[PDB]
Structure formats: structure tokens, C-alpha cells
Amino acid sequence: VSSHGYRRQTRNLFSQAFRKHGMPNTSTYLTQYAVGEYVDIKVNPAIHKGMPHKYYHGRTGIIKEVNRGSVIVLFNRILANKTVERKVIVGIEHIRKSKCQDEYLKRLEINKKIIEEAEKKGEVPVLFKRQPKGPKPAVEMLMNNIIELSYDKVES
Amino acid sequence: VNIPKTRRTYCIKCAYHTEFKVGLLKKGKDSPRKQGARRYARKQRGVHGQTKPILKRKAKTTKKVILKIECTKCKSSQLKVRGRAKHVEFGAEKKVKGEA
RNA sequence: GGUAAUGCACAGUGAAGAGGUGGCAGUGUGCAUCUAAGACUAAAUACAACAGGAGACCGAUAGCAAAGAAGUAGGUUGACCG
RNA sequence: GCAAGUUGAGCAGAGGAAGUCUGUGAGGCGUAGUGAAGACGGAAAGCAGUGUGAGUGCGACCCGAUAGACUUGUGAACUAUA
RNA sequence: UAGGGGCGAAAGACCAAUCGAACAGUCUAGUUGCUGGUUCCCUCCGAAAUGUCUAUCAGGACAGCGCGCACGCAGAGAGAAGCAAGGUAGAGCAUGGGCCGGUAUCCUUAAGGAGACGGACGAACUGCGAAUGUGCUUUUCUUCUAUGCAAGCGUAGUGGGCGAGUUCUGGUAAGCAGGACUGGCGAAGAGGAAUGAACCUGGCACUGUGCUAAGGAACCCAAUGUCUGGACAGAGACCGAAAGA
RNA sequence: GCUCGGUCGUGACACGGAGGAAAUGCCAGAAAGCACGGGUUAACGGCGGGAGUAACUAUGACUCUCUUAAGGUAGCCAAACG
RNA sequence: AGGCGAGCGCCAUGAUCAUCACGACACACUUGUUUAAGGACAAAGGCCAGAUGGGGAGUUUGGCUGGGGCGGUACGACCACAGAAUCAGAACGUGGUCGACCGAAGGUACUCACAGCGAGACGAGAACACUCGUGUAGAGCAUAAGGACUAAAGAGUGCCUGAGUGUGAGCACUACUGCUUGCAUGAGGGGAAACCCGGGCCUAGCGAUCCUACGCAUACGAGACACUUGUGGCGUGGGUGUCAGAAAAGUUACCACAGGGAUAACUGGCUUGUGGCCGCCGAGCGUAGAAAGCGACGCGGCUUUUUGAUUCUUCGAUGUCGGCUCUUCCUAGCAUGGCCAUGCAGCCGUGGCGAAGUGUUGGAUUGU
RNA sequence: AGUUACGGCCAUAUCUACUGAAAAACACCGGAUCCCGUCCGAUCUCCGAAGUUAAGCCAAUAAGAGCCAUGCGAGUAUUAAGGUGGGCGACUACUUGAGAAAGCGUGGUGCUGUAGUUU
Ligand SMILES: [Zn+2]
């Protein structure tokens, strides 16, 4: 039978990668955080204070409050077939800034131009949506340089 | 476990750090005049047998170390709790490193 | 219910003429309220047998066990049973 | 139904009457909360009925133990021993 | 001589067809987490055999899944597009464990040992690493959507499950014991596998005309024939191994 | 287990003592029992292991060693007891 | 009121109240010695208190479990493995550990490594102390297992008792418990300072209501007022290992009751380890010679006639071992009939093939 | 254009042999009186310039070891969905999709930020 301590089953998780042992780099400590940013959790096994519980490893959430050397992040979780919000305390050594909003922020920068012109000249924005890839395109071909294919390889 | 007989620490009444005297807490004698003692005496009185349960299936070996510390200036007291230990000594000789 | 004794008893002990009480043990002191250890008392309250009047009750496998010579015919060694 | 209020408490007055009508008049819950308490104070329509679903206590949807106790109730016509 | 009492040449024998504690009557309609039963029609919706705690394991309670009444309302058991985490299958044998053999060379012996290397390996070896599955953001992202979702309040049943396909652990195995994932029977009829809870087709108000599925087409039994190769064994259509002429 | 003898200690309530305004506590005191010393199996019952050693081989009268409250005598047996 | 030893305790005897034996009388009490004998003792009653007490009375004698019992603990905690690469995830599945220990093995600041291997240095050897060069951890880190750590978290050296005090918010399926983190304060610590510290490098070493002991200030107190006792509030200790927490020994072959095929003792079904029977290969043996007859070391099957393994059907009942009697079936063929091989001269045999028509007995010991 | 002080990403920067280097630096170097610390001015701390490019730091070289990239291995190994496909099993063919690793070949061998100094 299995046990139920705070760091159960973390032999693979919570171990350093090959040729990457030691303390964190300066960039870790010089990064500034703000309320409302999206942030991503990855535990550093060498630091023993401010570690989250291993369920949260590799998950992304939103910063709710900022303190001297730690952050409070909001998560959601299913328990007993219902949704529950959870507020997780994490030290700054175990977090990295998330990339999940990157494309959306670029798209907002384009929208922000159009939405002004749409008051002056038009009435409503064109709004620049994405579209999924359509059907295969048409082609005009010169028809020299033909290559033949054959079952010449007998494959003993 | 070895404990020194003196400890400089914060005194709540004096509101600054002071010298304290350190010793093991002592369990005092039960009083017949309290409400629980009075109730039990009356209930036991007749031909009623044993009227309250007594524990028999006991299981623990140690009990928790508890220190009483007294402020030398104002005689106020604080209670400090230290966990379970089979044996305790006050003011013995230091555990000097690098013995023969 | 009466909680460091609410009431009642038994054995030891046992008052004062002045005493008893004021929902928590003790000692003192004012204050308030009563008078135990002798007796009597109506009305307003409770409920069988027996009599009278009523009912959104039961209608002969129901309603009392029993709408006729029913605690009967009949039964237990007996108490009792039907 | 009435509404910052609400109510068939008991009981009295009238009446050819176990119905109905009218008084007098408590109490309870509500009109704002916090603490063991001393103490303090600053949001949120309720009361009484007629019924339905559902919890708890009483035989408790219907039938069913082996047992326990109590009587100033009965038995040695069978069988044991003097 | 009488019931927690009698009487016994002792068997727990006998005390009115009753005795390892009599009979009568009452308390009493004693108690029951256990067995049996529980009385009219149609319409609409529709489960669970799991988790935590229990002198708990044939029982409870709390939560999860039904139904009724519903204030209200931009959502979704599906994809894309950016982004994270993972150490299984495969592949390998660089730290650790560990099998067999080595040329030149080296060390001694005149034996053996070491060896520039090759072959064989681990659920508790890893230097590399999938597919499938999981989460985050965006409707400023395709596609659907009101005969739809639904906070809140009140209250039921359930808490012995079993089986198929894909996989796993214990065991010589088992119509054996125990988990995980996606649909079933339970609570599911109809047509087909001759027959069969779960397999194939495919989800049921009540009628009438046409068409197809799965499976069939000498006869039983509604619909059958054609072409080309094999095969001679009371064989096959239903059916067992290593080894063989 | 039963029985006999003494206290050296413990061991109740009462009866005393000290103190305090008083209650509650504290101290002393303390029979029989218990503890301690003897008796008792036609009382309940109980009654051992290991090594060497004799002019063929075997066996061990003999020796050594561990152990106790005492280490199964006289008899009897694959017996209704192997 | 006397006496002793440098007014003290100790030794003399004289007044004041109980009081334990012993005598001698008769009045309570006792006895048919009754015109009598005993006698304040006995015997008989009463109220409290100790001792003894299966003679009796009430009651109890946990759970899980390939049926129960005996055994283990899968009953409260911790690490690793597996459970088809998030998390979760069963079995009396696998390898183990816990109920503690430590004034430093706690807090801080600085210095420097280690295990080994190759050269050296008298006694001095395999193994003594000191040096030089290499050295990614091959060492250590009190105590399981995993993770972590290198001008350190390891080894030394200095100083300190933060193993402070009030009061909030959260994470692990979250009550208890453990940990993370906010603000305010200390005539707080260490460090030049930035920084760090409210126990142990991280994941384990632990426990409610009521009662009781101690610490802390603020409350209550009955018609009034003072004090000795008492009652409230917050926080810690004393403990429930069956660990979300009753106060608890056996036996029934004399036995009762409610139920159970949720579960054993027959048969049947599935399986075939064990039991029995058959094949394949050819090392050796047979007077020569693999194979007349044998056939090691290995490998593949069939049977249900042995015994296991499992619990699907039956507990408001399917009569349980052996013998007697009587019938039918199977073949893996003991005799009887036809054949083939031979290490078949003949006689007697041995190995094989088609074949189940007819036969296969009488007794002694024993329930068999 | 190098160097030097303080850095960023942490081997294209490591490890082993050899060789070069104008200027200004960077060093080795000369002492211990004091402050400070050692069994020991070796290290650490202080006060100095008589020497020297020998060393370090910087740069080049090597069919170098190791690291980084890319091609091939290879549509190979494994795998999602499907059928009254096959096989006594052990396992495996086909249809619509996703898709490796080791080895071995070829090329590389630090790049940059702020300030100071030197033709
Ligand atoms: Zn003080």
C-alpha cells in the first residue's frame, strides 16, 4: 500500500536535469512581477522554502497579490464533481513568466489602430480575425521534367 | 537532553529582554472543594458501585517536557513546551568536541 | 430541578425563651419579612356500578366476549379458560 | 386576511343554545445586533390560519423470537423420598 | 417436603403426555440493523451499485448521480491556432549492479593476471525519446445552439454489481481473485448468429403503402445461379501440439 | 491452600492535638487482616539431561559433567493406557 | 514547692481528672437448680467502620480474513516499485522504516575541502606521522528510503539563545495535525554591510467533549457591606496504539431463537499443479552393432479413474463409508481367435496390429 | 582594434601537448616597522619598485579526446482508429492517420553589454 506525505511519489519530478545542478541564475532574481500577469510554475529542487504542492507543477495561473519574495496565484480545480478556486503561495525562484498570451497581445495592438479609424471614416471595425487554413490552391504546371515511379525494389 | 539553568529572553510585563530562571514544571495536588470533586463524591455515596469509567488500555511511555521560566526582576512566569523525551538534565557539563 | 444539601427517616448528641427565612460553603454586623414543634373549615376541581338525553359513529366475520334461556353451552386436578 | 404590527388565551355580556354575535384583557413572537459576562449598540416584514411533502417521540405500515420481572394465585390423583 | 425451591443407591433423573429452572395470569401490542406481505387507470421525466468517517463489514450519516418549484441567462462532454508539464513503447548499456570470451601490448611467473574490444542483460539501471491522453489562453476562431441551459430551496432511491473490447498485478492455471479506460446488461423490446442476460444489425405511441441492414438464396424455409483454380480422407463445411514421410 | 505463633512494619471509623474569626484541610492514633517465622500429601498435586569406559564385536557394573522442592522406588505392560 | 550538666533538658515526689486488672456485695440481664442458681460478666438486640466473601447476583469477553479457529496485522503514520509518460488508482502484492534522539546534531558569520591513486621521507612492517602532484564527489550529511548540496548545506573556528512576543491569511480530498506566508512591536541576535533567524537541508516521530493541574488578566458573586473558600474566560500540560477516542475472562457433546447458499462439511461444472497413460530426439548399453529389446540429458501432448485449487447451484433439508443383490457401457486387450517382427531350431517367451463376442473364481486376518 | 574593472547567456567557452605576443595595462617580484593573521609574513594584511617576460591572463596550432549543429539511418522501430481479417496459441497481415532513437558521415570551436586606457 501507498502513503500520503506532502512529497509522495516525487522521485522523477523534483529532480535536476543532466548537467544542470546548482543554484538559480541572476535573471531569476532580477525579474519584476505585477498583479494580473500570467505566470507558470516550475519547481527548483534546490530551494526548500516557498515550494508549492506537486499538483501545481507545470500549471499556469494569474497573479492576485505580490509580496517581498513571494506571489499569490489563483487556480481552479475539480473536487467532488464541482469547480473550486484555490489560492497558492509560491516563492519567486519557482516561477517563470508565461508565453500563453503572446499572440493575442499582438492582435490587440493591430485592433487598437483600426478601432479609432472606425469612428472617423467607417462605423464598425474590420477587426482582423484569424481564419483556419482553407482548401488546396490551384496550380499551373509546365509539364517538362517528368519523373516515373515503379515497383522496381523487389524487397526480398 | 541537557538544558541550562538560565536564559536571557523577552518579558511580556517588563516589555524588554531580562534574565530568567529555568526549571521543570511541577504537578500540584487535587483540591476537594472544586465542582468536579464535589459532584463525584456525592454520586459515589450510596450503593451504586463504580459510577465513572477508568482507563485501562494505556499505551504511551514518555510525556512532554514542559519548562517554567521566571523573570528575575518582576517574578512573572512563562511556560515553554519542548516535546517528548525519556530523560532530562539541568546544568550539566558541556558536550566538548574531540574527546579521546 | 434544588446544584459545597430540596424533603423524609434511623443512631449518637441535644437548645433559647426568644427564635425562623431572604435558591452560592464559612465568620461578623446593620436591614426587610414572618412565628414551627396542637386543631377545624364552605365554594370553585376528579371519576365506576345505576338512571336520563344526544350523535357527519357500527350495522350481525362489524359494534361489547355476548342484538335469543351470554360469562351461557362446554372445558382445566387446580388457579383459571370460553 | 391585515401589516410596524398581529392573535378563536382563559373568562364575562347577549341569545328557546355543544352553533353564532359582542366585550374585557394577559401572554407570545416581530419591530436591529455583539460578547462567558461586566458592558456596549450601526443593514434585511412579520403574525395567525387552511392544507401538502418530510424529521423526532408515543403500539407508530402489518405479523413474528429465545428470554426478563411481579403476585397475601395453583399443583406430590402421574412420579421421588421419609 | 413447593419453584432459584423440593426430592434423588446420581441418569442433570423426576416434580399431572411439560424440566440444564413447573403451571396460571399480568406488566406487554416487550425488542428486532433479520425473513414474509403491502389493495385503481392513463400521461410526462428518470437513477445507483462510487469517495470520506463509523465496536464498521447483511446497517448508518455526509458528499456524488433523479425529480418538483424555478430567480434569471451567451453558452458548449467537438475541433483548430499559439503555449506548458510528462519518462511509458521503442532505442541504449557513459554513474551504480552484473554474464561469457579476447589480438598486439603489459606484469609476473615460466602459471596466471591486465587488456586498446566484441557478444549477452534489470519492476526498484538512463545519456535519447514517441503515438494516444491532460491543462492554459483566444469567438479579437471554425462549427452548433431556446421544444435549450439554469443559481437557490425542499426531498427520494442507491452505497452486494456483473460482462465485452483494449491493457495490467498475484497464481501451473480457472466460468479464479483484484485495478484502469470506452460503450453495454442491470432498467432494453424487435430482426439475425439452430438454441443462449451481455455478440452482429439497430433503440419501441397507434395504422397503411414502398425500400434496405445484419444474415441468407437445392429441400425443411421467403429468395440462386454463373466463371476460374485446388482437394478423395466414411474428409470438410464445426474441431489440438512438438515432430514428420 | 489449610493451620499455629509472635510484631519489627503497615493498616479504618471513633477518640485526641496544633492553628485560624470559622468552615475545609493537617498531625497523631489504630483491632482483626496482611507481611514475617514454623507444621502439614490416605490436602490439590508433582517425581531430569549430556559425554566417555571391559583381553572379537556388542552392552556398560565404573567415571566425569550440567541441573532440583524431589529427579518415578516395589510391581505391571504394544494392556479398555504405544 | 526539690536535685544534676558546661534558664535549658535531664534526673526526684507532691497536690488535680479520667482510667485497666483484682476483689465483695445484689438491683438490671440470664437459666424449669425456680420459695432456686448465676451476675454487671455472659447471651440477645441497635448505629457507624474496616477485613474476608463464585455461597450468590448482574454483565462483558473488538475488527479485517479466498468459511471460521490458530498465525500475521494489509487497524494510526513515512519513503521507494508497479498499476500501458498529468494527478489519482485495488489484493493477507514487493523492498523497508516509525512511537525517538540532540544546549548542539539549533541560529548566524567566515575559512577550507573530501574518498582515492602516483612519487618521496629511521626505527617502521600490508597498516603510525609529515609532504608534493592529480582528483565532478568515486566522500560526508546522527537515525528508513528517495531527492538536494562544492570558494557549500560537508569539515573546522568565533559569537548568540529567534527552540522571541501580539494578531491575520492560506496549501495538502483538510476536522485534529504539519508546513507556507502578512502586518505590528522587543533598554532582540549574528554580520563591515546588503541579507538571514518565531527549532533540526526537504518529505515521518503523533490525540476531541467532560473532569483535573499550572500560567495569564478582564469578568461573576443571590436584601446590604468586609474578608476566607468558590464559579466564569483564553492558552498549555495529565490520554484514549481497536490511534475521528466504551470501563471488561472462559466453556457448552445438555442446549434455545432470528436468519444466511452473501459462507464450510457431498455430487456436478471450470482448471490439471500432483496422479496416471502416450509420443519426439539419439548419449550410451546390449557377445558384433545407436534403434531384437533398451534409451540418460532435454522437449511436446492427452485423460479425469488420485489428491489439490476455487465457491457458480442447494442451509422453510437432494439421507452420509463399506458390503449384499442386479443390469448396462468404455478400452488404454489379462485369457480365448487371426496375423507381423525377433538376440524366432524345437518347447517356453518378448515387442507390435485389426478386434470389446464369451470369460475373469473359492478362502484366512481386518468395519474397511 | 585589443586589453583591463564590473557583468549577461553558462564547454562553439572544457581537458592535454606545443608556439607567439608593438604600446599601455595585468602580473610575477622586493621587504615586515606598524594594523591584521599563521607551527610557518607560504596564505591573509600592510609598506614598496631593484629586476623579468620565464609563468599566469590573452591569442594561434593539432586527419587531437570531449562538446554544438546538420545530413543520413528511415517512412525503418513503435503507435490511434476500424472489419463476421488470419492464427490452437504465442502473436501478426491489411485500410485511414501520427512518427523515433543509437551508430555513422560532414562542418564548427564562444558570442555580446556598460565604462576606463593604449596609435
Ligand atoms: Zn519582568
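Residues numbered from 1 in each chain as written, not as in the entry; some residues may be left out. Chains lettered and ligands numbered in written order. Part of a larger assembly, values for the part shown. Heavy atoms only, no water.

Deposited coordinates in this entry are attributed by the record to cryo-EM, at a stated resolution of 10.8 Å.

The PDB entry annotates chain B as 60S ribosomal protein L44 originating from Spraguea lophii 42_110. The record for the entry shows the title "Spraguea lophii ribosome in the closed conformation by cryo sub tomogram averaging". Under the Sequence similarities (unreviewed entry) heading, UniProt states for chain B: "Belongs to the eukaryotic ribosomal protein eL42 family." (UniProt positions renumbered as here; feature names shortened; annotations may be inferred.)

Named according to the PDB entry, chain A is 60s ribosomal protein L21 originating from Spraguea lophii 42_110. As stated in UniProt under Sequence similarities (unreviewed entry), the record for chain A gives "Belongs to the eukaryotic ribosomal protein eL21 family."

Another aspect to go through is the coordination of the zinc ion. Residue and element names in this part refer to chain B. Every protein donor of the zinc ion is accounted for by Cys11 (SG), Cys14 (SG), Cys71 (SG) and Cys74 (SG), and the metal-donor separations fall at 2.3 to 2.4 Å. The coordination sphere of the zinc ion comprises four donor atoms, whose angles at the metal cover 100 to 134°; the geometry is tetrahedral. Sequence positions of the residues that donate to the zinc ion give the spacing C-x2-C-x56-C-x2-C. Of the two residues, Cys14 is situated in the loop between β2 (6-11) and β3 (16-24) and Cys74 in the loop between β4 (64-71) and β5 (77-84); the sequence distance between them amounts to 60 residues. Take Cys14: its relative accessible area is 25%, and that puts it in the partly exposed class. (Donors = N, O, S within 2.8 Å, 3.2 Å for Na, K, Ca; no water. Tetrahedral: all angles 85-135°; square planar, octahedral: opposite > 155°, others 65-115°. Helix = DSSP H or I, 4+ residues; strand = E, 2+ residues; numbered from the N terminus. Buried < 20%, exposed > 50% of the residue type's maximum accessible area, 1.4 Å probe, protein only.)

With that settled, consider the side chain of B:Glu70. Residues and elements named next belong to chain B. Within the element layout of this structure, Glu70 appears in strand β4. Exposure remark for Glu70: the relative accessible area of 18% places this residue in the buried category. A distance of 2.8 Å separates polar atoms of two side chains, one belonging to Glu70 and the other to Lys21. Setting aside residues up to four positions removed in sequence, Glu70 forms contacts with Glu19, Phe20, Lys21, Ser76 and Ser77. (Polar contact = N/O pair within 3.5 Å; in protein donor to acceptor, adjacent residues only side chain to side chain. Contact = heavy atoms within 4.5 Å.)

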